[PDB]
Structure formats: C-alpha cells, structure tokens
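Colleague: Residue numbers (PDB author numbering), protein chains in the order written: chain E, 64 to 229, 232 to 414; chain D, 63 to 414.
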Ligand SMILES: Nc1ncnc2c1ncn2[C@@H]1O[C@H](COP(=O)(O)OP(=O)(O)OP(O)(O)=S)[C@@H](O)[C@H]1O
Ligand SMILES: Nc1ncnc2c1ncn2[C@@H]1O[C@H](COP(=O)(O)OP(=O)(O)OP(O)(O)=S)[C@@H](O)[C@H]1O
C-alpha cells in the first residue's frame, strides 16, 4: 500500500531539485497500482490512463528517475530507446521489440507484463525537422510516431515468447493498461516557446511594442509549454494527444550540484569514499572544494555527467601512487588542488 | 426480431455524443450486413454488394471510440487491426493476411462464421505516397500496400495457417473467402484541408480584377471536409482503385464547444465518472459544477488536440491534491471551483 509521500521520500533520496517532476510520477504510480487493483466490475468502466512526457534540459536527471523507479517498483519495468526503431519492417528494428524486452525482465509472464511500466529515451530524435508534411517517406521520424499511436492507446502485438524455441506462433500482449513514459532532452524548444510566449508586435509606428523576455528564464519558460508549440517543432498532434501529462524540469544550478554531492547515497563523493575504505584509507571533501567544482562544471556546459572529468583530473596523481603507498590513513582535497596549484594533503598513520 | 437503426444508435449515444451523421452510416451498414447474411442469397437478387465505410475525422473526434462500442453490442466477431505494420510482398515487417488470422482468434477458428466478421483498419492515411518522390526505390509501406488490399477487399481467397501450425508435419493453409467481409478503413488525414481549398477557393488574387478571399475567417476546417470528393484524395496519395472500393464517406463534424461539456457528464465512461470512482474507493466523493466545466472546454479547444487532450487540463489541476490526499484523514468530500482550473485558488476540502 504505497503512498505518494512514501514513494516521493524514496525518490528524493536519489534526486534533488525536481519537486514538480516527482509529484507527477507519484500520482501515476499510485493511480496505476490503484487502477490495476480495481476489479473493473464497477460503475467506472474502462478507466482512463494518464501517460507521462518528461521534457527537460540535458543531463538534468531524466534518465535517472526511470532507473531509480524500477528498484522500488514491484511490477516489471523496461527501458528501451527510439534510436533503433524503424517503421515498415525495415532492417533497423520494429516497435514490437519494446514488448519482448519487457518479458525478459518479467520472465515471460503475460499476466504480469501487461501491468508493467515502459520508459523511452531520446524521444526528440523522431521529431520532424521543423518542416511541413514531408515529400518522401521518413522511416525514422514522422513514420515512427505513426506506429506508436495505436500502441499507446491499447492493442495486441505479436511477440515470439523467448524468440521462439524452434511453435511458429506469437503471443498476444494487450497494452490498454500499460503506462508509457516517453522523455528525452529536446534541443531548441526554448526558441520555439519564446516565439509563442512572446505576444509579438508590429515594427511600425501605430503598432504597439511589448517589452518582454528580459532574461532567458529557461526553467520558467519551459513551464509555459503547450501542445501547439510542439507541432511547430515537428511532433504530430496525434502523438501528443496520447501523452496528456507533461513534465518540465528545471536546470540545476551551482548550488544544486553541492547538494547532489553530499545528500544522495549514490553520489560520486561517496563512491570514492568506499573505494578508499577497502584500501584502509579515509576520504574527505571540504566545502571549499565543492564550490570550485560547481563553477568548473557550468563552464563545460555538460551538467552533472561532466562532473567526473573534474574529479578524476584532480585525483589522477594520487590514484597513481596510492596502492604502492603504505601507512596512509586519510586524504583531504582542498580548493587549491582543483586549480592545480597544490596537491591533496595526505596523512600518515 | 432484428436490431433496428434507431435501437442500435441509442446504445451508441451512451458512449458517443454529437455524431448523429456518423452513427446513422454505421448503423445502416451493420443492419445491411446482418440482413445480407440473414438472407439465404438464393433469390432473384444475387451477388449483393457490400458497402464499405471510410471515416475521415480530426484527431480525438471519436473514430476509435465507435469501433470499440460497436464490438460490445455486435454479436458477429470484430477485430481492431492497423495498416501501419503491414508490408507488401511478404517482407519481414508483416503481411496483409495477418488481419485474417486475428479475426479467427475472436471466432475460435470457424471459417463459415468468420467470413461474416467486421474489421476496422486504423491509421489508413499513413500508407499514402505524398507526392513527387524518388522512384529509384519503390514504396513498401506506401503505394505498395494499397495494391495488396484491393484484392482482399473486393473478395479473394487468402491462405491462412491453422493456429500457426503445431509442427512442420501439417504444412497446410486455410482458404477464406472475403467478398462478404466488411471493411471500415478510417484515419485522421493531415493536410487534407489545404488541397481541398485549392479547388474551392480560387482566390489568391493579387491583381485588380481578381478578388480577395478575406483571409482568417474562411478556414472552416470541419465544414471543409463536408465537400470532400474522391478526386481530392488522389492528390493526397491514395490510388483511385483503392478509393473505388470504398464508396461511402462520413464526415465527422469534429467538435462543438458545448459538446465537450456533455461528454463529461452524460456518458458512462466520462472522465468525471472515472475520477469519481477513483476516489470512491478511498471513501471520498468529488463534485464538478457546471461553472468549472465551461472554463475547461475553452482550455481544451485552445490546445487543438481534441477530447484526448482533455486529461491534461484535469490532471494539471488535481496533481497537488492527489499527491497529498491519502495522508489526509477525515476527508469525505472535495469541491472544485472555476478558480481551481485557473490556478488562482485551491480546491476546497471537507472534513467529516
Ligand atoms: N538530481 C540529481 N541528483 C543526483 N545525480 C543526478 C541528478 N541529476 C542528474 N544526476 C546524474 O546524472 C546521471 C545521468 O542523468 P540523466 O537522467 O541521464 O540526465 P538526463 O538529462 O536524462 O540525460 P539524458 O536523458 O541521457 S539527455 C545520473 O546517473 C546521475 O549521476
Ligand atoms: N463523441 C465522443 N464522446 C465521448 N468521448 C469521445 C468522443 N469522441 C472522442 N472521445 C474521447 O476521445 C477518445 C479517443 O477517441 P478516438 O476514437 O480515438 O478518436 P480518433 O479519431 O480515433 O483519434 P485517432 O484516429 O485514434 S488519432 C475516447 O476514448 C474518448 O475519451
């Protein structure tokens, strides 16, 4: 009997600064369990299913949320990608590949698989290139979206169980109850949102001028997104209609990174702490060193994923002579070490 | 007795609202189909024709909804196939014959009982060549799939494996006549309004003599479909042969502002009744006043996504409420005012 507060508390341990995103998942997860729990033999018939669309900046933690969810989730979960999908039975891949991947996690249990959750990454890769209907067939893009429409609403797709032993049959897999979380970092969406959010004005004398968009306000700008803007970006309205809900993720700032290095249990700081714990050596991270990493992380425009480059670059010299070194019990990383002027202080004990 | 067009439509009215034109067309075909089968066919009139239906309507107008509601009341077997996965010449994707075997699963492998079944093919527009494309490579999911359905719709015998085959020992197929099978092929066509305008607008008019069309008040999209003809679809990509097999057409009359309000209250499967049951098990009931729904209708039409895009308006409001509702105790009723939809205020909570 999980609750949004309990599930959010668990997710909060691994994610920070995504209060709006977390609420959406908690409701769907809570409602999905509630929907399946219901016998369906009641006044409410064919209860609706709310899908989710996770849009956010690069490296903001979208892919991480789906991974952490599967650990806590009891029902099966699968994480596919739309990069390999090709329409019309081409050589690349078919959409049915997503369903068979779910059974691998579910051990080929049809009744248990229909109640599963699905996640897709890099959904923007199939958006039309800001054009009108094409003059030719776009195998990857407009074509792929057309195929997913019926899958999201609910239908049965042929799937060989285990790939087939040697049977010549396929197992029907309902999808009316399956939830879908399609999310990927869209590029350039702010420029499109800027045009629509801005009222617009005529350049002549009589036409009034409107002073707006003084600051980019990226995080606050994506919140004003609507389906009509995505149509101009390349998505088909049919595909978005299948995804009523949407999630806007703020971009992490200098202060957000500091909390990510200490509060989460799987933080990189704690990883190295365990790396040296087995070696009989302790590790420490002072606040002055984390402040400098934040400024360097933003300088590389890579997000949280670009943080390891800064850490490994500093501890490189240390890690080269640490195993051979003996009688060392503690390592401290100061602010100077990041700049490279100094070396990390080692204590012998 | 037999089901009547008026009686069958009343059943559909419970699940569909504002589609009087479409309901009648479907009722007649279903009644005609039952009539043709009921008839022995060994009479003066023979080789009776089958009138197929072609449903053209915008997204979320209720095309897919009609097929599901029909199968519930319909006694004969029904299937919901799609032309998106079909590939011609037996390629690796899928074959057109797959539609037939799916029908038998509902019919329990009864050939005589299967020919009288009904089929609904969605996403039919997605297999049309748009225009002026490279001819070095032939279309596999475009111009080449419609050709395969021509013989199927007109009536031919297609080999089908029985149950997929227990082992190689059988190595046999089943022959199923399809001349009697009905086909309802419909999908939301994109960009059809632009081609129809060229024929019925003739108003670029930059010269003195030519007129000006008074642009921004003539884009009557829904009404524009009402004047559709087969020649317009040829420019869209459909082959005349495929259209000849589908004489009937049914404009959908997509949506009226007031229709959306009726869909949320009168239907049994309305969204309002869904959430009402969602909280009913939790010992909580929520009411939606009419003053709140009028604002919701205006927000949905602004999104240009149809009824399917309506949940976005509801869940965006009730997000914070549903997140902190279980933790709350002694709460028996919730009221949602117009302000809640706007976001200025919060939904009032009642304590028992
Ligand atoms: N809030 C966060 N707290 C802790 N680690 C985070 C956070 N956000 C991102 N990360 C780190 O970023 C890694 C990858 O996050 P992702 O979910 O891939 O971000 P992303 O924006 O989804 O990148 P994409 O989807 O591949 S473009 C995780 O394994 C974490 O190490
Ligand atoms: N007349 C209607 N009355 C009630 N609900 C409707 C009506 N029309 C559409 N809906 C809602 O819209 C949902 C989907 O409608 P569809 O039948 O899928 O429309 P559609 O034309 O098939 O869209 P496509 O072709 O699948 S993109 C239904 O499940 C209903 O919730």
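Cβ atoms here follow ideal geometry from the backbone N, Cα and C, with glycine treated the same way.
(1) Starting from the C-beta of residue 99 of chain D, find all residues in its chain whose C-beta is less than 6 Å away, skip the five residues before and the five after it, and write them out in chain order.
(2) With DSSP as the reference, please indicate the residues paired to residue 238 of chain D in a beta bridge.
(3) Between the region 307–314 of chain D and the region 108–117 of chain D, can you find at least three pairs of beta-carbon atoms closer than 8 Å?
(4) Going by DSSP in three states, residue 110 of chain D sits in which element: helix, strand or coil?
(5) Who are the Cβ neighbours of residue 140 of chain E in its own chain at under 6 Å, not counting the five residues just before and after it?
(6) Whose CA, out of E/296, E/346, E/406 and E/398, lies closest to the CA of residue 189 of chain E?
(7) Counting along the chain, where does the alpha helix (DSSP H) carrying residue 384 of chain E start and finish?
(8) With a CB to CB cut of under 6 Å and the five nearest residues on each side skipped, what residues in its chain are close to residue 147 of chain E?
(9) Near residue 322 of chain E, what residues of its chain come up, given a Cβ to Cβ distance below 8 Å and the 5 sequence neighbours on each side ignored?
(10) Residue 205 of chain D and residue 301 of chain D: beta carbons closer than 8 Å?
(11) Have a look at D/130, D/344, D/375 and D/406 and flag the residue whose alpha-carbon is nearest the alpha-carbon of residue 396 of chain D.
(12) Since residue 106 of chain E and residue 339 of chain D should fall inside the 8 Å C-beta cutoff, what is the C-beta to C-beta distance between them, to a whole number of angstroms?
(13) From the DSSP output, which residues share a beta bridge with residue 140 of chain D?
(14) Determine the contact status of residue 152 of chain D and residue 316 of chain D, defining contact as a CB-CB distance below 8 Å.
(15) What are the start and end residues of each continuous alpha helix (DSSP H) run of 4 or more residues lying completely inside the region 150–181 of chain D, in chain order?
(16) Measure the beta-carbon distance from residue 176 of chain E to residue 219 of chain E and round it to whole angstroms, keeping in mind my assumption that it falls under 8 Å.
(17) Do you know whose CA, among E/110, E/392, E/160 and E/349, lies nearest residue 400 of chain E's CA?
(18) Using a Cβ-based criterion (distance less than 7 Å to any ligand heavy atom), does residue 377 of chain D qualify as near ligand 2?
(19) Using a Cβ-Cβ distance cut-off of 8 Å, determine whether residue 157 of chain E contacts chain D.
(20) Return the chain-ordered list of same chain residues with a C-beta closer than 7 Å to the C-beta of residue 328 of chain D, the five sequence neighbours on each side being excluded.
(21) So which residues of chain E does residue 253 of chain D contact, with C-beta pairs closer than 8 Å?
(22) If I measure Cβ to Cβ from residue 292 of chain D and keep anything under 6 Å in the same chain, skipping five residues before and after, which residues do I get?
(23) Less than 8 Å between CB atoms is the rule here; does residue 336 of chain D satisfy it with respect to chain E?
(24) Which two residues bound the contiguous beta strand (DSSP E) that contains residue 411 of chain E?
(25) Report the residues of the region 380–397 of chain D with a CB closer than 9 Å to any CB of chain E, ordered along the chain.
(26) May I ask which residues mark the beginning and end of the beta strand (DSSP E) holding residue 248 of chain D?
(27) Relative to the alpha-carbon of residue 174 of chain D, which residue among D/159, D/77, D/240 and D/130 has its alpha-carbon at the smallest distance?
(28) Starting from residue 87 of chain E, find everything on chain D with Cβ-Cβ shorter than 7 Å and list it in chain order.
(29) Considering only C-alpha positions, which residue in the set E/281, E/65 and E/228 is nearest to residue 137 of chain E?
(30) Counting only Cβ pairs nearer than 7 Å, list the residues of chain D close to residue 113 of chain E.
(31) Rounded to a whole number of angstroms, what is the C-alpha to C-alpha distance between residue 364 of chain D and residue 166 of chain D?
(32) Please indicate yes or no: does the CB of residue 126 of chain D lie closer than 7 Å to some heavy atom of ligand 2?
(33) Please return the same chain residues whose Cβ sits closer than 7 Å to the Cβ of residue 123 of chain E, not counting the five positions on each side in sequence.
(34) When Cβ atoms are compared, which residues of the region 285–307 of chain E fall closer than 9 Å to chain D?
(35) Is any beta-carbon of chain D found at less than 8 Å from that of residue 228 of chain E?
(36) On the DSSP letters alone, give me the boundaries of the alpha helix (DSSP H) that residue 323 of chain D sits inside.
Modeller: With the given structure in hand:
(1) 178
(2) D/220
(3) yes
(4) coil
(5) 133 and 180
(6) E/296
(7) 373–386
(8) 155 and 156
(9) 355, 358, 359, 362, 369 and 372
(10) yes
(11) D/344
(12) 6 Å
(13) D/180
(14) no
(15) 160–169 and 173–176
(16) Contact flag wrong, Cβ pair sits at about 12 Å.
(17) E/349
(18) no
(19) yes
(20) 79
(21) 195 and 196
(22) 305
(23) yes
(24) 410–413
(25) 380, 381, 382, 384, 385, 386, 387, 388 and 389
(26) 244–248
(27) D/240
(28) 381
(29) E/65
(30) 373 and 377
(31) 43 Å
(32) yes
(33) 314, 316, 317 and 368
(34) 291, 292, 293, 296, 301, 302, 303, 305, 306 and 307
(35) no
(36) 319–327
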